[PDB]
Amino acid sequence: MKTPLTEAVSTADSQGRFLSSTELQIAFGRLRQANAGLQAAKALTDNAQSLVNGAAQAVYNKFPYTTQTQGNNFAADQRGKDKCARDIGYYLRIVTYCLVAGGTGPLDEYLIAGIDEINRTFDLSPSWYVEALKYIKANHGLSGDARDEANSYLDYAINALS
């Protein structure tokens, strides 16, 4: 998983050299933003259920057919609604991991890599998830740096889905 720290090490290693001042400065920048990230992670965590359920309904509201047509890739039944909820729960949880890691690493390795093949194979629409993400961004109630941190990763995921 890429984090500002592992990228600096990878760079120095790929060059067979010890870390430089620039790399040490990179660490300082990471450290200065860390707490805002940990605080945002805590906030989102304490509201996981509310945010997940609230986002699930949001998707069904903009895509009602997903609850009306029959199909494994739709949430017309209870089972599909659990699948959907679970999926939304994964997005949220992994976003808090990014906030903790100070980088997109968790999203890239746990959910983004291969997401196109997953959606194409099980016939899931990336627009459903894009919708759930937008909901989160408008209901986490964060503010200041904690807000800017959370949204930076929420937007990253969105762009990855469109």
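Numbers for residues come from their place in the sequence shown, where the first is 1.
Looking at mean Cα B-factors across 46 to 54 and 26 to 34, the upper value is held by 46 to 54. 117 to 125 and 97 to 105 differ in mean CA B-factor, and the higher of the two is recorded for 117 to 125.
For residue 152, the recorded CA temperature factor ranks within the middle third of the chain's modelled residues.
In the deposited entry, the Cα temperature factor of residue 8 places it in the lowest third of its chain's modelled residues. Among the modelled residues of the chain, residue 59 sits in the highest third by CA temperature factor in this PDB entry. The deposited CA B-factor of residue 135 belongs to the middle third of values across its chain.
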